[PDB]
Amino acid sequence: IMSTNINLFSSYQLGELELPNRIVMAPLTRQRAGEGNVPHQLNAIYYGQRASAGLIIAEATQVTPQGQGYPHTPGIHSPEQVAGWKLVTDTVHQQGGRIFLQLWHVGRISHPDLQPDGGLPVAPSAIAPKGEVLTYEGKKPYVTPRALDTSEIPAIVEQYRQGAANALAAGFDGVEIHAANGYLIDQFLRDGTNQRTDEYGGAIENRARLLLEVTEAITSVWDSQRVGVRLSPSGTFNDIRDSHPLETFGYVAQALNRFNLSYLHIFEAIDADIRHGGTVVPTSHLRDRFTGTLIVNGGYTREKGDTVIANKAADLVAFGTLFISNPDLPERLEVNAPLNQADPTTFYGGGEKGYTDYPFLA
């Protein structure tokens, strides 16, 4: 096969997976799980509708009950949940698509009202996040999470591993480790949330240890090239920050090479991050260190996407917002068609409205 100019619509070889284009559907929490946090027919339709994506990353999905921080997010810990997700993966596959499950644990970003037996959210350190959390009794302030004991860490790792094994049984093509957006793995990574004094805190190699041990466990379940990791090096979402972001995420980028992963997925800096002035980590910093497939994300367009692909800054481009509103986003981007405008009042929770009722092209 001859040399060609690559763009958003070029095929890609993601391990054994043949991606029809470079367009990825970002993971998107929609809070529309059914009873017992089990996916159902409506969720299958939703993902099925978007199967023209080169790859779908499914919404954040908790690997364990303690890992839930928002009502009606799906889980991947129970047989009923596995059955539910199988319905989703079958539908995506019948539609000729590919889908990875994003494996979740919210850590301190939860509330006792959402925890089993009203227990405490767990975290690297007993540090209460600022602001409020939505519970069934309206908005309540966060409480101080419970700091995990050192000998509790193998249990967390087992929770991810079991979650990944369940995703495998549920027919997914791969998994993405949610190490971003201020949730549990991210909480351990960054020193604003991690003030431990054992082998999981302090020096960067310690702060990275949970992520690396979780990654190792999951590659004992999946072929490593079906395992991805998502980071948000510049994000402050959920009251998280790191004193030396370049050092921290630079180290992680390099350390992940030994695992021969499917990809590294970067949620890039939003305007809020620059304007409130945390150190912005350039994606090029991570591109120079992680040697495998790189997915970039955050406010991308057809033009910005072609740009990063053509100039080799990234290999895949994930879209979030635009996939909510445009189920056939790849087709529309290709022909420069008009795009449906997303309705943020229906991003979270509810039913088919603002979920499955966005119209296909023409």
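When you see a residue number, it is the position in the sequence shown, counting from 1.
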| item | value |
| --- | --- |
| Entry-level comparison of average CA B-factors, 139-147 and 254-262, reporting the higher stretch | 139-147 |
| Stretch with the higher entry mean CA B-factor, where the candidates are 288-296 and 266-274 | 266-274 |
| Largest Cα B-factor, entry values, listed residues 158, 152, 176, 213 | 152 |
| Residue, from 37, 61, 64, 311, that the PDB entry assigns the highest Cα B-factor | 311 |
| Third of chain Cα B-factors occupied by residue 26 | lowest |
| For residue 186, the third of its chain into which the C-alpha B factor falls | lowest |
| Residue 101 by Cα B-factor - lowest, middle or highest third of the modelled chain | lowest |
| Third assignment of residue 226 from its chain's C-alpha B-factors | lowest |
| Residue 249 - which third its CA temperature factor falls in, relative to the rest of the chain | middle |
